[PDB]
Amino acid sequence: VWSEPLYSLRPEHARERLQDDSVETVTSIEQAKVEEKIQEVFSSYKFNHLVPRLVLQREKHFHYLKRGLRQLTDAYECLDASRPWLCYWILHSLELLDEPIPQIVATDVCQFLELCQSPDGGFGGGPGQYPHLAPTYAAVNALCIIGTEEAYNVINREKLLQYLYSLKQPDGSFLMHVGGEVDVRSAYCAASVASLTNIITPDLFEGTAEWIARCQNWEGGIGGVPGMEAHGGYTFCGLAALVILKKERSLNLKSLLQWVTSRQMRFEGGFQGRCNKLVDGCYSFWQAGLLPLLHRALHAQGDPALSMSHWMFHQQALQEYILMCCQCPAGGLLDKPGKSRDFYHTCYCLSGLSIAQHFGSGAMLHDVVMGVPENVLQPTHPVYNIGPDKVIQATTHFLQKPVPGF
């Protein structure tokens, strides 16, 4: 009768608090701060003398999202060059919560992204803005989430491929936009839109796998460009691009596995983006989404020691972190408690929650759903972070046409 179901609330969990060896630095001071704050969230139940249960506040989240899909206050002025991102974050959050898109909203998004599309290929952050690979990725994913004939046909595939060739560099890399610079995220953006819309030529990604491979460092993770610190956003993008390119093998997967698994925080349960930095809800996707990707990679090499039920991270603790610490009572999700909500964190907290809930490897399916059973989300594809159905459906539809040049 004295058995706590929530991993974060068990008495032995208090041992997982930071040991600072009596040597204080900014890093340890800051980590201790978060941990005090998180402990007080975990302890809330005992202190108020109530039994815990974890509820994903689906209705609050839904109203936050359905409203933002139409209209945003002057607080999102800082995202006026990222409007397709907002479409993608919001539509993906709605697809994870299993909310259909009124056919008319679908068509309004379509018409809007049409206005964002550049005549020379790709999409910009808003109507009449120059194109850029990030909003191009977001626009494509949003259109695939909608997944109607209308949506698919907004995309000008010929121009898209030209645009991608315009950004392609000698050393394997891609510019994020014309007159811009390169990082691993742009290669991922290019691989995602290229593979989904079927425009991969034999020479498009020549050198790209090796360029990405140069970004893996002494830590095992991947930095934004060669020589830079390993970081979860770039590491996710690096490995997922290589999965699309079928060059998973270009990396040392063993150092990569060891690095990402180390990024789960023993106390908080969430993931940090870099070693010795703070926990953050969005890495619930960037970091935890690496696990399904490494599973498919290592399994395809014949790793006989892989689990048939679980990803190689504490799925339970990640769910406890998101549900207890990352929900805004007004709707939306968060980096951490005391941060303010936004649509990016709403998208990636939900994306990460879904990954923590659904294991899949061959015929082996196994869910783990903390809290009430209605907490269960729709699954998401670990490479594209849209629904596995939207992915299969899109690839199938665009395989109907030839790679431009055929």
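Start at 1 and count along the sequence shown; that's the residue number. Under this definition, the rigid core comprises the largest set of C-alpha atoms superposing within 1.5 Å between the forms.
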**Message:** Rigid core superposition, C-alpha RMS per stretch in 9 other deposited structures of this protein: which comes out larger, 356 to 364 or 41 to 49?
**Reply:** 41 to 49
**Request:** Give the stretch, out of 18 to 26 and 382 to 390, with the larger mean C-alpha temperature factor in the deposited entry.
**Result:** 18 to 26
**Average Cα temperature factor in the PDB entry - higher stretch of 109 to 117, 203 to 211** = 203 to 211
**Message:** Among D280, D80, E158, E181, where is the Cα B factor highest in this entry?
**Reply:** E158
**Item:** Out of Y152, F174, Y130, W259, highest CA B-factor residue
**Value:** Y152
**Item:** Chain-relative CA temperature factor third for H61
**Value:** lowest
**Message:** Which third, lowest, middle or highest, does the C-alpha temperature factor of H314 belong to within its own chain?
**Reply:** middle
**Prompt:** With respect to C-alpha B-factor, does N375 fall in the lowest, middle or highest third of the chain as deposited?
**Reply:** middle
**Chain thirds of CA B-factor: placement of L50** = highest
**Prompt:** Split the chain's modelled residues into thirds by Cα B-factor; is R296 in the lowest, middle or highest one?
**Reply:** highest
